[PDB]
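Trainee: pasting the sequence and an experimental structure:
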Amino acid sequence: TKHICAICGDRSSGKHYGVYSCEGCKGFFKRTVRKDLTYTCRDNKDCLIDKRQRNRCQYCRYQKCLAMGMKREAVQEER
Amino acid sequence: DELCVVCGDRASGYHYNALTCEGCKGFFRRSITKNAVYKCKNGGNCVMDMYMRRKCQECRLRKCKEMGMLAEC
DNA sequence: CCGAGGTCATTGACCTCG
DNA sequence: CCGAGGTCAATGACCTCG
Ligand SMILES: [Zn+2]
Ligand SMILES: [Zn+2]
Ligand SMILES: [Zn+2]
Ligand SMILES: [Zn+2]
């Protein structure tokens, strides 16, 4: 609402796992860690992640989350 | 490459008499089936793109009918 | 071969709670 | 207020079929 998402640039409510992010990138990082999914990029691993094409490549989207300093340990275990 | 005339994404061919993508193809199919009526919270002037197609469903369905998506099935 | 139809795993807006 | 957690309808990649 008052913050910018550090991954795609969408409206961010606050910090999630240490970084300003939106509801979309927050859940995407949680889903990847809780299920330990491994993604595979279909291009040169340089897909652009923005408001409109963040869902393009799951690999480069998760790599930007780690690049922006999202702590994987910040994800608790399923209750 | 050819783009979807509704949102500008990579079109997957002609769907319902329009060159659209898999996203707009599925959305236009669900809209006519459910006879859904939407209400825009931005005054019905949302510019359609890959990001705005998930936000406003009124300006999206209007864009599809403006691009000639027929509903005879 | 395309585009009708369909399924269904992912997405993200909207929550509780300490 | 902040950042964890959570649900779930809509979404869209991908399927079969005529
Ligand atoms: Zn984001
Ligand atoms: Zn990629
Ligand atoms: Zn489209
Ligand atoms: Zn609108």
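Mentor: Thanks, I have it. Residues are numbered from 1 along each chain as shown, chains lettered A, B, ... in the order given. Ligands and ions are numbered 1, 2, ... in the order given.
Trainee: ok, and the closest non-adjacent residue to the closest residue to ligand 1 within chain B?
Mentor: Residue nearest to ligand 1 within chain B (CB to the ion): residue B:51, separated by 10.8 Å. The C-beta positions use only the backbone N, C-alpha and C, and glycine is treated the same way. Distance criterion CB to CB, 6 or more residues apart in numbering or on different chains; nearest residue to residue B:51, sequence neighbours excluded, is residue A:52 at 3.8 Å.
Trainee: residues in contact with the longest helix seen in chain B?
Mentor: Taking DSSP state H as the assignment, the helix of chain B that covers the most residues is helix B:22-34. With CB atoms under 8 Å, 6 or more residues apart in numbering or on different chains as the test, helix B:22-34 has contacts from B:4, B:6-7, B:9, B:12, B:15-16, B:20, B:36, B:53, B:57, B:60-61, B:64, B:69, B:71.
Trainee: just the helices in chain B please.
Mentor: In chain B, helices defined by DSSP H lie at B:22-34, B:52-55, B:58-66, listed in chain order.
Trainee: could you identify which of these is most buried?
Mentor: For the helices of chain B, the stretch with the most neighbours on average is helix B:58-66, a mean of 19; neighbours defined as mean count of other CB atoms under 10 Å in any protein chain shown.
Trainee: that helix near DNA strand C anywhere?
Mentor: No. Taking CB under 7 Å from any atom of the strand as the criterion, helix B:58-66 and DNA strand C are apart, separated by no less than 12.2 Å.
Trainee: okay, the angle between that helix and helix B:22-34?
Mentor: Going by axes from the mean of the first three to the mean of the last three CA atoms, to 10 degrees, helix B:58-66 is angled at 90 degrees with respect to helix B:22-34.
Trainee: CA-only coordinates of stretch A:47-57 in CSV, if you can.
Mentor: Only the C-alpha atoms of stretch A:47-57 are listed here, as CSV (Å, rounded to 0.1, in the frame of the first residue of the first chain):
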residue,chain,number,x,y,z
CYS,A,47,14.1,-13.4,-17.6
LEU,A,48,12.9,-10.0,-16.5
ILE,A,49,10.7,-10.0,-13.4
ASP,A,50,8.3,-7.0,-13.2
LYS,A,51,4.6,-6.2,-12.3
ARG,A,52,3.3,-7.8,-15.5
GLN,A,53,5.6,-10.7,-16.4
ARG,A,54,6.7,-12.0,-13.0
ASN,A,55,4.9,-15.2,-13.7
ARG,A,56,6.9,-15.8,-16.9
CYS,A,57,9.8,-17.8,-15.5
